[PDB]
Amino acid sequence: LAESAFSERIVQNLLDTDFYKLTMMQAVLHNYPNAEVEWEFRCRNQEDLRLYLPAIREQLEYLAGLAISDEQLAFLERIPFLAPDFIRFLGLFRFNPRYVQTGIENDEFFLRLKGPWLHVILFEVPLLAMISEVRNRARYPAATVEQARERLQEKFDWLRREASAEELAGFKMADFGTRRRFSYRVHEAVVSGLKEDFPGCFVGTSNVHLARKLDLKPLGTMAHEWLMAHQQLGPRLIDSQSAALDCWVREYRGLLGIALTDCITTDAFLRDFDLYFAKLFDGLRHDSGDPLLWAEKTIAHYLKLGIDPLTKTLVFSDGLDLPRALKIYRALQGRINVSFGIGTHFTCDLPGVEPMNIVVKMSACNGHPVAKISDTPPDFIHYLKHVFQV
């Protein structure tokens, strides 16, 4: 009698994705329209996904059928930093199944992407959310929305019965859980729950569709992808990170100013985050390594540049849950502005269910390798570490 956890469609529409995929896509149209890239799906637990191939391919056809509706495109059009040439491009966009290769090799499911960066960028999120939900529809067919709201309420109660109203008035939280959500329906329920009953300050969602549907602010910084691609787009490897930031700021003139620091290592990023960049960007996002040590480094760097930390913002989104996020807030509140982003621990928290450990990582750009090192533990990676001093 309970509401089933699965809706009719898995990927709702062209808006059912993370916002920063669109902002980045626009940056590509305007700056590297003809660049080519390669991506490859990867399951880190070596979970046997072979039986999902049929359904996956079936969803692939569905994706190719998607065309943005006029109401959807108009929603985007109302966003001031989205240019008319880009809006028209989205109006004509269609997923090209020819840029996708899926099947089984070594008795293992595989999925690879190869094509113009402009046309393949939109595959990333939907593919993950889709593979996640087809697995869950097979692994947990009886799953219900009810079960989701339940665990959500438990966590909300914990927060209320833990943090003062004074702390909660400053606890900024966002949803970033599209990619590994249990299902679209669960994701929608979770986000509605956040909007209506989050003890702290719910600031928005990265999911554009839900942002339109629920009337929330679409959120999204920049992705590693942007920083990684620049390793082959033109400048010296050692200048790739600064070139990526430079192009971003030149594209958005100060808007969407939150930069990732771990494409290489936070130390390496900081050595090149000079006054020019420090003034332009409103803040940084933590995605790997210890969050508090990371904060000490970023805050210390601002101080030496003569920048008042309290005028900047630090965004934490490394596999956070409410407890871990609250601890960071309590530790740093008062020293620098902070906000948080929670993903799978929000959109895929069902009793007895374990989120899929999958990713679609960029592997090359214009026929050559690109890589991410991060603060967490071929010859390209060796030279890359070398020029950046590991």
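Heads up: residue numbers just count along the shown sequence, starting at 1.
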| property | result |
| --- | --- |
| Mean temperature factor over C-alpha atoms, higher-scoring stretch between 63-71 and 27-35 | 63-71 |
| Stretch exceeding the other in mean C-alpha B-factor - 135-143, 263-271 | 135-143 |
| Maximum C-alpha temperature factor, selected from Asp246, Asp239, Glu225, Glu154 | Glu154 |
| Most elevated Cα B-factor in the entry, residues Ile104, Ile121, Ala229, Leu314 | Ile104 |
| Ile381 - which third its CA temperature factor falls in, relative to the rest of the chain | highest |
| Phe89 - which third its CA temperature factor falls in, relative to the rest of the chain | lowest |
| Entry-reported Cα temperature factor of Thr298, expressed as the chain third it lands in | lowest |
| Lowest, middle or highest third - CA B-factor, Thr178 | middle |
| Lowest, middle or highest third - CA B-factor, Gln333 | highest |
